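Numbering (PDB author numbering), first residue to last: 1 to 162. The C-beta atom is built at its ideal place from N, Cα and C for all residues, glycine as well. See below for the structure under consideration.
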């Protein structure tokens, strides 16, 4: 049968072609910044009762279209140690949700790499926690970013594995 893949697109995640989206949410279900705010402009109804704790994910149905609210840690608040564990946990919940939904594909941004980055480049950290959780799912995963340099590195990381 199908053959689950990983791909990267460098474009706006709100314009994704996949069966469901993962929002880089804040714990309080707020419009927020960057990806989360792009998610809010496109799918504001998905923010109804979407607030959920750090390290978890909460799905809100927007019609038949699932929005997976995943709360990665803000490294300005979490130590590297605790944060690492929360970023892992957040991704783990994405995998369980994508599984529970029976979805064939999902679009995902790199959690905790922007406003939550604490000033640090976290491409490899976040990507790696993404693989570790998603590698056991069979959904087609499409990773979104905007930076040209970031796309290339994520592309290299995908191709190097297969």
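Counting C-beta pairs with one atom in each stretch, the segment 85-96 and the segment 50-67 have three or more that are closer than 8 Å, which means they touch. The beta-bridge partner set that DSSP reports for residue 61 consists of 66. Counting only runs that start and end inside the segment 57-126, the beta strand (DSSP E) elements of at least 3 residues fall at 57-62, 65-70, 105-109.
The continuous stretches of alpha helix (DSSP H) do not include residue 51, and DSSP gives it neither H nor E. In chain order, 144, 146 place their CB closer than 8 Å to the CB of residue 11, counting only its own chain and leaving out the 5 sequence neighbours on each side. Taking the Cα of residue 125 as reference, the smallest distance to any Cα among 139, 141, 137, 72 is reached at 72. When the alpha-carbon of residue 112 is set against those of 97, 152, 103, 78, the nearest one is in 78. For residue 7, the enclosing beta strand (DSSP E) has its first and last residue at 6-10. Here residue 24 carries a strand assignment [DSSP, helix/strand/coil]. Residue pairing of residue 140 in beta bridges, as defined by DSSP: 105.
In terms of Cβ geometry, residue 109 and residue 24 form a close pair [threshold 7 Å]. By the neighbour-count criterion, in which a residue is buried when 16 or more other Cβ atoms sit within 10 angstroms of its Cβ, residue 97 is buried. For residue 3, there is no enclosing alpha helix (DSSP H), as DSSP gives it neither H nor E. Counting of Cβ neighbours within 10 angstroms places residue 134 among the buried residues, the total reaching 16 or more. Residue environment for residue 59: buried (at least 16 other C-beta atoms within 10 angstroms of its C-beta). Distance from residue 16 to residue 142 at the Cβ level is roughly 7 Å; contact confirmed, criterion being Cβ atoms closer than 8 Å.
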